[PDB]
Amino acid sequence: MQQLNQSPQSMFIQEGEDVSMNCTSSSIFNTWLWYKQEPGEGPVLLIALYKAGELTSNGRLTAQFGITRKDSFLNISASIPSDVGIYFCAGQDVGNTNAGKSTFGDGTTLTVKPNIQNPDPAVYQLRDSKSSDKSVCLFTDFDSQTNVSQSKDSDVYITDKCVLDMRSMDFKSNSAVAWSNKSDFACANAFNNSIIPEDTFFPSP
């Protein structure tokens, strides 16, 4: 029935910058809500909006829904790592039959990238603690400007940038993992299909 158009679907903002998600509808909504679902957890209410045109703010968060009662936005200031997750806007279904229920949007998945001040990009080879025959490649210490892409080799596995542990950001660094079972696999040409910093350290086992 009622539908909530939430945009944009994804947002990859870096640490410290601002966040902005919009939410539009074709029907009116007397109450607008915002939820934040952290990874592996459930959605928790972020802010409730009961008055039209009221700019409400709880420090880092700011939200409002217009007088037309069809739009709403949410702003997060000074992005910190724990802000990663899915963000839903909700509106209480107008009427009494559909009351208690609320229509949600598709949600925006937010990712916060670390600010690497001293980059030292390099590609290392790590040996397995059991079979020294097997190994992995470790691209690390690259800043957030570098984007890691998958490999054209079907028998080569490529891991994108990992989400850091929100509990402690000590040793905050970007990293990517590559490994394969092909005998023609060498770490020097594992990330050949990605744009890599020119001054990237390529040591040898």
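Start at 1 and count along the sequence shown; that's the residue number.
Of the two segments, 76-84 and 129-137, the one listed with the higher mean B-factor is 129-137 (C-alpha atoms only). Taking the mean C-alpha B-factor of each stretch as recorded, 141-149 and 38-46 are not equal, and the higher mean is that of 141-149.
The maximum CA B-factor among the listed residues 68, 56, 175, 31, taken from the PDB record, is found at 68. In the PDB entry, residue 203 places in the lowest third of its chain by CA B-factor. In this PDB entry, residue 22 carries a Cα temperature factor that places it within the middle third of its chain's modelled residues. When all modelled residues of the chain are sorted by CA temperature factor, residue 10 is found within the middle third. Sort the chain's modelled residues by C-alpha temperature factor and residue 123 lands in the lowest third, per the entry. Compared with the other modelled residues of the chain, the Cα B-factor recorded for residue 161 ranks in the highest third.
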